[PDB]
Each structure stands twice: as C-alpha cells, then as structure tokens.
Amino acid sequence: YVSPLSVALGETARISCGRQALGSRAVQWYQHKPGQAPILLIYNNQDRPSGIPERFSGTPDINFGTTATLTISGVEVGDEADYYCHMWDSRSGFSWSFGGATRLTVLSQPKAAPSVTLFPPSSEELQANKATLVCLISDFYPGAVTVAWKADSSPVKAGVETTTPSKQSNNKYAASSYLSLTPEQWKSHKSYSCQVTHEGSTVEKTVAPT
C-alpha cells in the first residue's frame, strides 16, 4: 500500500494519483500523520479547505489528458506524512477505495545530537522482585542509532529490548532501551552503562546500586 517518495527540504514535491480516471473526475487528497486524525487537503480536484496552506494544490479536470497530482511547494519537515488520492470518476463506479498512500519523507534537515537520560531500577520494582534499567534517547537526527548496554566493563548481550526510532512532535527522533535485570544481578555489578552511538559519535551514561 505504501509508496515511498523522498524529497529535499524546501523543494516542490509532486505526488501522482495511483489511479488514472476513466471518465471526468472528482479527486480528493488526504494527509495522514501517524497517530493523528487524517486531514482533507484538496476536494473536488482543486478545492482547498479553509485553513489548509495554499502550499498544497491539485490538478483541475479541464478534460486534458492530465493525471491527478498533488503539488506541495516549499515542502517542510512538517509535511512528512501519508498522502491518499481518493479518485472519483464516471465509468469506475462508487469508489470505496482510498487507494494506497504515498509516504513522503523530507530530507536534509540539520544533524541533531541525541539527549540521553538513564534511570536505575525503582526501589519499588526491586521490592516487586524486578529490575529494569531505562535509557531514553531523544532529539536526534537522522534516525539511525546504536544503543548498547554494558555491565561493568563487558557488553550485556541480552535482557535488552529497544524500540525502533521514530520522529516526535519536534520532528526529531526518539527511542527507548530497556535492560531488565533481577535484583541480585543489579546488586551484583558495581555499575551498568547505556551507550549510544549516533553518526559516529558515542556518548554514554552510567548508574550504580546505591
């Protein structure tokens, strides 16, 4: 369903409709960001709802042999989202299908270093007979990141579950890594560390039973 398109920040993006109309058409364009309500951007081929930036534009059906296209000028990091083209025409029938999504990726935003917060097991979790170390990584760009865990001087290979990075509401990535230990293991080592390497640079944080 997803069709990727990547675009350089600030240039004009041009998303073609997945379907070519058999007969004179009425096309709508929808934008959908992960975790939010989709938005109507264009209706009736070229009509823009109030509050939609004039940056978005559709192709009028003038009866020329022209495919439906969404044009986004001055594409912003905020225009990263899925775009559906709902195609209505006169020889296709009532069109139940929204079609596939063109997934728009906006590229060339500035490099951002990750912030890293490392929490030790709660005193509660310990008394609940569990222990989990929590490493939070945010504000980074691009989105590829390596998280590694160490117990004293050797690298923990397991107990580690780390989320796949994704863009937050400041357009930068976030990820979490969890290292779950047993209380006797926590109290076993002098120290654990959560080490994050991003774009070649490695930084690290550390906690100890206290």
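We number the residues from 1 along the sequence you see.
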Output the stretch having the higher mean C-alpha B factor in the entry; the candidates are 137 to 145 and 58 to 66.
58 to 66
Going by the mean C-alpha B-factor recorded in the entry, which is higher: 184 to 192 or 12 to 20?
184 to 192
Go through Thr102, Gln109, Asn129, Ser115 one by one and give the residue whose Cα B-factor in the PDB entry is largest.
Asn129
Using the temperature factors in the entry, find which of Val27, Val156, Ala175, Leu40 has the highest value at its Cα atom.
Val156
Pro165: which third of its chain by C-alpha temperature factor?
middle
Ranked against its chain, the third holding the CA B-factor of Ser90:
highest
Sorting by Cα B-factor within the chain, modelled residues only, which third would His32 end up in: lowest, middle or highest?
lowest
What third of its chain's C-alpha B-factors does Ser97 belong to: lowest, middle or highest?
middle
Ordered by C-alpha B-factor within the chain, which third holds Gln46? Give me lowest, middle or highest, please.
lowest
